[PDB]
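Everything below concerns the one structure shown next.
Coordinate-derived values only; no laboratory data. Cβ placement follows ideal geometry from the backbone for every residue including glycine, while neighbour counts extend to all protein chains displayed.
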Amino acid sequence: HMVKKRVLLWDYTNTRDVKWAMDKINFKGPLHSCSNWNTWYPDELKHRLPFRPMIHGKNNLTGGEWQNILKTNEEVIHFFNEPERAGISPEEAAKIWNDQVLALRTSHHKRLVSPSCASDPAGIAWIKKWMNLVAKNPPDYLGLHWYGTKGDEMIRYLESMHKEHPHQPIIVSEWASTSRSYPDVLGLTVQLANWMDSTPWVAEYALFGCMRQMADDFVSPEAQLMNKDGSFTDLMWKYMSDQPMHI
Ligand SMILES: OC[C@H]1O[C@@H](O[C@@H]2[C@@H](O)[C@H](O[C@@H]3[C@@H](O)[C@H](O)O[C@H](CO)[C@H]3O)O[C@H](CO)[C@H]2O)[C@H](O)[C@@H](O)[C@@H]1O
Ligand SMILES: OC[C@H]1O[C@@H](O[C@@H]2[C@@H](O)[C@H](O)O[C@H](CO)[C@H]2O)[C@H](O)[C@@H](O)[C@@H]1O
């Protein structure tokens, strides 16, 4: 049976500039859901996959941003994106969770993803502290990011975080190879897709790079899932079409 755990990360620049690109997505392959780092829904999706709204940061707790979260028909909602790098302490995020976000479960019966921190000591320590602070009202999923060049190290990290936090499944809300060598990008992507596909405690995983411009200097141009014209790279085709993935 077709294993369907792959998330379509749909950056708002796609919605802003190249809506039409969504209609070129393959929906008959292992794509299973969609997120866009925002509270609001990408209309061009036309409900062809479940959407996970995100409470990205403190700017998304009030006004029309919070109204989008309160009114959504979608089942799963992400909390803060890399809060350890936006000056949000574990204690401050635990308070906002109890006072405001938890109601989305107790009252609106949504499932909640923990904040997704970076795979560095600062991030590992942040999520360790926050999960302890809200242990009496834990999240439904543990949200993880991972960027690097060695697939064996991402596997060891997921296995490591699953042992440290064994009470819920893991969502990899962002991951990618940062290698500038395309064979090493393709090799890691294929390895981790197939490994996570056959690992029950990984609910879903979200490959980064489906946008026209480079996000920053950190991510690899060889790992891009969209060309500058808005067409899809061969890596994107394989991601959304092939199960198992192959090089
Ligand atoms: O700051 C730029 C960029 O950083 C991203 O986080 C990275 C981590 O992905 C990276 O992870 C390392 C792995 O690549 C490596 O294989 O293993 C080590 C541990 O042995 C990991 O730490 O670590 C660096 C810190 O040196 C982080 O910068 C963020 O997710 C991203 O948002 C940001 O753009
Ligand atoms: O096989 C998993 C690992 O793949 C590595 O890339 C390989 C390259 O080093 C080599 O040159 O080519 C093969 C395919 O011909 C690649 O698979 C990645 O660099 C690793 O991160 C990954 O774990």
Computed curve, the range 104-160, Cα-only Debye sum without solvent term, log₁₀ I(q)/I(0) at 0.13, 0.18 Å⁻¹, is -0.40, -0.68
Of the residues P42, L61, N81, the Cα lying farthest along the dipole of the range 15-123 towards its positive end, which is defined by charges on the beta carbon of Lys, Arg, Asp and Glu, belongs to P42
Between the residues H109, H145, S119, the Cα farthest towards the positive end of the dipole of the chain, that dipole coming from +1 and -1 charges on the beta-carbon of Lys, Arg, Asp and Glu, is from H109
Among beta bridges assigned by DSSP with both residues in the chain, the antiparallel ones amount in percent, to the nearest 5, to 5
re the chain: pairs of Cα atoms spaced beyond 34 Å account for a percent value of 12
Here the equivalent ellipsoid of the range 1-69, derived from its Cα gyration tensor, has semi-axes (largest first, whole Å) of 24, 14, 9
The percentage of Cα-Cα pairs in the range 115-247 separated by more than 27 Å is 22
Amide H proximity to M245 below 5 Å, modelled H, separation 5+ or other chain, gives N194
Checking rank on 77-85, 56-64, 198-206, with mean other Cβ inside 10 Å and highest first, the result is 77-85, 198-206, 56-64
